[PDB]
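Q:
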Amino acid sequence: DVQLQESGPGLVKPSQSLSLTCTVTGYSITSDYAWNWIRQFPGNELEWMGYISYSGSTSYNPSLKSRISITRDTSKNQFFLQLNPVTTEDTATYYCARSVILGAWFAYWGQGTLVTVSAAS
Amino acid sequence: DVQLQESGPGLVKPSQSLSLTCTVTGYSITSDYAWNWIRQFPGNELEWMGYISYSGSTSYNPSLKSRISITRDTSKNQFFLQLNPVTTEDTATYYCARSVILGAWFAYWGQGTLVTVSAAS
Amino acid sequence: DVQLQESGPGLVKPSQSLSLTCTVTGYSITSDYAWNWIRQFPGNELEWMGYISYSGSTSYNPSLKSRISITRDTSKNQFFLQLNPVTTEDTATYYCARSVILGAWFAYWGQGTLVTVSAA
Amino acid sequence: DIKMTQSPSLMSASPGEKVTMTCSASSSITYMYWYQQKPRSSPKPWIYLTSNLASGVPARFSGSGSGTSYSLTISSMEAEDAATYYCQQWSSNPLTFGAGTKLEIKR
Amino acid sequence: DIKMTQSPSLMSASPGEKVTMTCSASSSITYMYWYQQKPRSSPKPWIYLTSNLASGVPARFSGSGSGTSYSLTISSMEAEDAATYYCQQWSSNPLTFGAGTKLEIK
Amino acid sequence: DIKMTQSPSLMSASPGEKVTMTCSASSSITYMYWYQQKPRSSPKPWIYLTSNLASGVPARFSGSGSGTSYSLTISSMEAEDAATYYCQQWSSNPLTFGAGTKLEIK
Amino acid sequence: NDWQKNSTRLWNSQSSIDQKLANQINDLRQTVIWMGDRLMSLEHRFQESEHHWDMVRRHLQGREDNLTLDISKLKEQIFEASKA
Amino acid sequence: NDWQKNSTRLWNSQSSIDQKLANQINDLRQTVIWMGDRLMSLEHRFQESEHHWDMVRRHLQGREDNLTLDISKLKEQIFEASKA
Amino acid sequence: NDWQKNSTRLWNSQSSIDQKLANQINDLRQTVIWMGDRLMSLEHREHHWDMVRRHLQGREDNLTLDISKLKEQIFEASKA
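Protein chains in written order, with our numbering: chain Y, 3 to 123; chain E, 3 to 123; chain Z, 472 to 591; chain C, 593 to 699; chain R, 17 to 122; chain L, 17 to 122; chain B, 5 to 88; chain V, 5 to 88; chain F, 159 to 238.
#1: Please go through the region 50-90 of chain L and give each complete beta strand (DSSP E) segment of 3 or more residues, from N-terminal end onward.
#2: Quick check: the region 71-79 of chain B against the region 13-25 of chain B, are there 3 or more CB pairs under 8 Å?
#3: Can you tell me which of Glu33/R, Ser40/R, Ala70/R and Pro31/R puts its alpha carbon nearest to the alpha carbon of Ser25/R?
#4: Return helix, strand or coil for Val210/F, following the three-state DSSP convention.
#5: Are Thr46/L and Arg61/V close, meaning C-beta to C-beta below 8 Å?
#6: Count the C-beta pairs between the region 95-114 of chain E and the region 500-519 of chain Z that are closer than 8 Å, then say yes if the count reaches three, no if not.
#7: Alpha carbon to alpha carbon, how far is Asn10/V from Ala85/B?
#8: Would you be able to state if there are at least three C-beta pairs under 8 Å between the region 6-24 of chain E and the region 78-89 of chain E?
#9: By the DSSP assignment, the alpha helix (DSSP H) with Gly40/V in it spans what residues?
#10: Check each residue of the region 191-214 of chain F: if its Cβ is closer than 8 Å to any Cβ of chain V, include it; give the result in chain order.
#11: Closest to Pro44/Y by C-alpha separation, out of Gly692/C, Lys698/C, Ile697/C and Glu696/C, would be which residue?
#12: Under 8 Å between C-beta atoms, does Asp34/E make it to chain F?
#13: So, helix, strand or coil for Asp3/E, using DSSP?
#14: Take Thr597/C and list the residues in its own chain whose beta-carbon comes closer than 6 Å to its own, dropping the five residues that flank it on each side.
#15: Sort out for me which residues DSSP pairs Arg543/Z with in a bridge.
#16: Return the first residue and the last residue of the alpha helix (DSSP H) that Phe233/F is part of.
#17: Counting only beta-carbon separations shorter than 8 Å, does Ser61/E have a partner in chain R?
#18: Would you kindly work out how many angstroms separate the C-alpha atoms of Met39/V and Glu54/B, rounded to a whole number?
#19: Could you give the distance in angstroms between the alpha-carbon of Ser67/L and the alpha-carbon of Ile18/L?
#20: Does any residue of chain V bring its CB to less than 8 Å from the CB of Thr642/C?
#21: Taking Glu49/Y as the reference, which of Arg699/C, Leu687/C and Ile697/C has the closest Cα?
#22: Can at least three beta-carbon pairs, one atom from the region 54-64 of chain R and one from the region 76-91 of chain R, be found at a separation below 8 Å?
#23: Pairs of beta-carbons, one from the region 627-635 of chain C and one from the region 605-619 of chain C, closer than 8 Å: are there three or more?
#24: So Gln215/F and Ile29/V are in contact, right, with Cβ under 8 Å, and what is the actual spacing, rounded?
#25: Within 8 Å (strictly less), CB to CB, does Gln188/F reach chain Z?
#26: DSSP three-state call for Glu670/C: helix, strand or coil?
#27: Which term fits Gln23/V, buried or exposed, when burial requires 16 or more other beta carbons within 10 angstroms of its beta carbon?
#28: With a threshold of 8 Å between beta-carbons, can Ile175/F be considered close to chain V, or not?
#29: Can you have a look at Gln474/Z and say buried or exposed, based on whether 16 or more other CB atoms are within 10 angstroms of its CB?
#30: On the premise that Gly52/Y lies in contact with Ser61/Y, defined as a C-beta separation below 8 Å, what is that separation, rounded to the nearest angstrom?
#31: Please compile the residues from chain D whose C-beta is within a distance smaller than 7 Å of the C-beta of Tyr625/C.
#32: Does DSSP put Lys610/C in a helix, in a strand, or in coil?
#33: To be precise: take each residue of the region 87-101 of chain Y, compare its Cβ to all Cβ atoms of chain C, and keep it if any distance is under 7 Å. Which residues remain?
#34: Apart from the five residues on each side of it in sequence, which residues of its chain come closer than 6 Å, Cβ to Cβ, to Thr73/E?
#35: Do you know whose CA, among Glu94/R, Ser92/R and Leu88/R, lies nearest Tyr101/R's CA?
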């Protein structure tokens, strides 16, 4: 029973690094499947960011190649998302997903965490 | 070790359903290989009709794909042919065949049953 | 590990057959991998000739197919090279190689035997 | 990238009726998927390969279409079926989602 | 579809001679196969991939050809070889059979 | 029959310097390999897939390139590196070796 | 006025190449599907992941890009292009 | 003249097949790469030669023949020619 | 007169794609043949793999001469 559980800081300032973890329970992220990152803008349109496969090879969205970086920690069964430059346009709800290698069938999802980008306090 | 034996009606009136059977012995039609249906017209011309794979995937001749359907019975180890509308052009000798999955190499054939389509008795 | 020790005659008269032998130690030539034949001309130019696969499939250089042929001997773990017509352009240093099946990664090489074509 | 136009953006219906959704692609695609998202929840796997139904999906749901136009249909809409529906394609890098058709309920 | 033409439709040959059969394709094909059918019997598989004889076929039979011209030949015709020969190609859906070249004994 | 050209045919260098060499191809290829050959010795597998060092290769060597332009670079030149280097491509039958960049020392 | 003959010859030669490329890919995927099933069958004999094999298997058989039925359109387009 | 239209339609059609062919191969390799991993995993589950699969796997993932921007380059050329 | 330059330039780019596609299928075909043998070896620790193996390496669709033959047809077309 794979259960993705993502977490991260809920507030980041513009032009700062964003780090999100995604704990996986009941399965090993090295055994099989791919592991994706997806976000939902406030207008409720989804965008796919990238994934890291079970073996470690990663693929990224062509519009974010210079920005996105995905890394994993095998021992504690987590995979991380890094986005060093940000802007107020990254205010979205980020999601985890486990998908089949051949296609893009996100049969599992995370609970959903909201990341807002603004320098106001 | 593999024997294919077909049985069916010998006289079928025009615009009536044609049914056939192919009892396979010494092998299981779910284990491997494809299972084809081939007919020979009285002019000694050979035409391929279709097959059902060992997993249930079927393909049909585009010239007659509309009115053909192939099914099977795993428990009794038989696969059946149905040609719902028929005409006098379907007078032929129908054969079974087990072929290699990649190409079309009918390494085994049935005895060959004759079907005549007409109305006079 | 894998050690290739090739051997063959030294000087070959023009317009006769050239025979070469490559002896493989520590690994059977039927288990996996390809087995290539490469020669180097006196100008230090490398040219690939052909290989025999672990299953017996053979591929030959398009410029040498009409004259080259490669066989093998499973029992002695040897694979041989053959060349019916030769000329003074065949004077080179021949090599053995074990390559990965998908690509052309010659990860192992032989000692390197020299074959001269002349009429001394 | 491929633009997956989804129409209509916002519909409405009453329980027991017949509802259809269209998701037309800009160019040829390879695979087709449908997802359901109720408010304040992650999207759920609903339909894959534009014919199959995911686990625990009511039999009233059905998918069809070929080429560039696809359809999702419920035989008899119940109250629980009111949620935004997203169509996703996978042909090449990157995959593209749809704008989203937000079904509703008439009182 | 691909139209497979066999020439000639009917040939006769006294025993002991050498005979050839040709089966020309309308366009390019991928695989080539040969069968025979004696009267009142199912076709028997003999030749697959235009060169390999099936089990039970004597060595006097051989196949050859490339592109859109394939040949079946008998080094020495014998008694039991008189039957209709069928050539079959497999490129895409569907596969097509030959017209059938019938051999004879003189 | 892709023609592989290495521009620095004979490139004298000195210890501790930055050494670079280029291998250009007439048309696009699939794989790139580099080999080191010393006098009276067989070629040694050096770099495969234009980025991976073979077992035992010192870390001072770097491989790079894309399309039809590949480069082998030495960060810390040592006198023991003074050997001919060959670039190999594999796109289709046959594979073609480079001309050879002999690298001396002074 | 030989441009049509050159164009038709080039397009006829090109259209043949697409059909040949299509056939090999279809032939390969059929082998892969059979290849995977035999692997999965052996894996089950050794004793889960079979649900994963089923999903990727359906993806192989459930392609929609329809590499055929448009090559036929391309062959059509040349035909009335020549008669000009 | 209409020759621009006929050339534009034929080249626009032809580019579609090239993209469709490439996608099918890429989907095939991912299955093959994944399938070999399961085959390699099963061998070690049976119990020494964990090699020649990695090197083949590196070769599969390290192709350098593009087929991503060359097709895109072709599409740009057609559109430029259509303006004549 | 600019049509000749555009036609030759367009056909040259198309030929490059054809060669790249043909090369890429061949590499996959070799891997599939090799992969089947490894699984076949593990099975023993029969048949219908030999027939598939022969079929895989026994194609007569060329694809090496036609792409070659296409290259010349462009060339004299450029001469006009």
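Heads up, the beta-carbon is just placed ideally off N, CA and C, and yes, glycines get one too.
A: Let me spell this out:
#1: With a minimum length of 3 residues, the continuous beta strand (DSSP E) runs that stay inside the region 50-90 of chain L are 60-64, 77-82 and 85-90.
#2: Verdict: yes, contact present.
#3: By 1-based counting over the fifth sequence, the position of residue 25/R is 9. When only C-alpha atoms are compared, the closest one is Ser40/R.
#4: Position 52 of the ninth sequence, counted from the start, is the residue given in the question as residue 210/F. Judged by DSSP in its simplified three-state form, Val210/F adopts helix.
#5: One-based indexing of the sixth sequence puts residue 46/L at position 30. One-based indexing of the eighth sequence puts residue 61/V at position 57. Cβ atoms of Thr46/L and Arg61/V: not closer than 8 Å.
#6: The count of Cβ pairs closer than 8 Å, one atom from the region 95-114 of chain E and one from the region 500-519 of chain Z, stays below three, leaving the stretches out of contact.
#7: Start at 1 with the first residue of the eighth sequence, and residue 10/V comes out as number 6. Start at 1 with the first residue of the seventh sequence, and residue 85/B comes out as number 81. The straight-line gap from Cα to Cα measures roughly 7 Å.
#8: Touching, yes, given that three or more Cβ pairs across the two stretches are closer than 8 Å.
#9: For the purposes of this step, residue 40/V is taken as the residue at position 36 of the eighth sequence. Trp7 to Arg49 is the extent of the alpha helix (DSSP H) around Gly40/V.
#10: Within the region 191-214 of chain F, the residues whose Cβ lies closer than 8 Å to some Cβ of chain V are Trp192, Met193, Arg196, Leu197, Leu200 and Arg203, listed in chain order.
#11: Taking the first sequence and counting its residues from 1, one reaches residue 44/Y at position 42. In this structure, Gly692/C is the residue among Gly692/C, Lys698/C, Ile697/C and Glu696/C with its C-alpha nearest to the C-alpha of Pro44/Y.
#12: Within the second sequence, numbered from 1, the residue matching residue 34/E stands at position 32. Chain F, which has a Cβ nearer than 8 Å to the Cβ of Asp34/E, makes this yes.
#13: By one-based count along the second sequence, residue 3/E stands at place 1. In this structure, DSSP gives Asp3/E a state outside helix and strand, which the three-state scheme calls coil.
#14: By one-based count along the fourth sequence, residue 597/C stands at place 5. Shown here for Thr597/C: same chain residues with a beta carbon closer than 6 Å to its own, the five before and five after excluded, namely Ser616 in chain order.
#15: Numbered from 1 along the third sequence, position 72 holds the residue referred to as residue 543/Z. Paired residue(s): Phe550/Z.
#16: Counting from one through the ninth sequence, the residue named residue 233/F turns up at place 75. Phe233/F -> alpha helix (DSSP H) spans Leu223 to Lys237.
#17: For this step, residue 61/E is matched to residue 59 along the second sequence. At least one chain R Cβ lies under 8 Å of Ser61/E.
#18: In the eighth sequence, residue 39/V corresponds to position 35, counting from 1. In the seventh sequence, residue 54/B corresponds to position 50, counting from 1. CA-CA distance, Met39/V to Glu54/B, rounds to 13 Å.
#19: Looking up residue 67/L in the sixth sequence gives position 51. Looking up residue 18/L in the sixth sequence gives position 2. Using only the alpha carbons, I get a separation of about 21 Å.
#20: What you label residue 642/C is simply residue 50 of the fourth sequence in a count that begins at 1. Not closer than 8 Å to any Cβ of chain V, the Cβ of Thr642/C fails to qualify, so no.
#21: For the purposes of this step, residue 49/Y is identified with residue 47 of the first sequence, where counting begins at 1. Of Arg699/C, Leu687/C and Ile697/C, the residue nearest in Cα terms is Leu687/C.
#22: As far as the Cβ criterion goes, the region 54-64 of chain R touches the region 76-91 of chain R, which means the pair count is three or higher.
#23: With the cut-off at 8 Å, the region 627-635 of chain C and the region 605-619 of chain C do not touch.
#24: Looking up residue 215/F in the ninth sequence gives position 57. Looking up residue 29/V in the eighth sequence gives position 25. In fact, because the Cβ distance is near 19 Å, the residues do not count as touching under 8 Å.
#25: Position 30 of the ninth sequence, counted from the start, is the residue given in the question as residue 188/F. Yes, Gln188/F lies at the interface with chain Z (some Cβ there is under 8 Å from its Cβ).
#26: For the purposes of this step, residue 670/C is taken as residue 78 along the fourth sequence, with counting starting at 1. If DSSP states are grouped into helix, strand and coil, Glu670/C belongs with coil.
#27: As a first step, residue 23/V must be located in the eighth sequence, where it is residue number 19. Per the 10 Å Cβ criterion, buried.
#28: Along the ninth sequence, read from residue 1 onward, the residue named residue 175/F stands at position 17. Output row for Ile175/F: interface = yes.
#29: Position 3 of the third sequence holds residue 474/Z. In summary, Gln474/Z is exposed, with fewer than 16 beta-carbon neighbours lying within 10 Å of its beta-carbon over all protein chains present.
#30: Translated into positions along the first sequence, residue 61/Y becomes position 59. Translated into positions along the first sequence, residue 52/Y becomes position 50. Right, their Cβ atoms sit about 6 Å apart.
#31: Considering every chain present, this structure includes no chain D. Its protein chains are Y, E, Z, C, R, L, B, V and F.
#32: To locate residue 610/C, count along the fourth sequence from 1; it is residue 18. The DSSP-derived three-state label of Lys610/C is coil.
#33: When CB distances to chain C are screened at a threshold of 7 Å, the residues of the region 87-101 of chain Y falling below it are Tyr97, in chain order.
#34: Residue numbering aside, residue 73/E sits at position 71 when the second sequence is read from its first letter. The answer, listed in chain order, is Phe82.
#35: Locating residue 101/R in the fifth sequence gives position 85, where the first residue counts as 1. Comparing Cα-Cα distances from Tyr101/R to each of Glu94/R, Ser92/R and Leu88/R, the minimum goes to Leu88/R.
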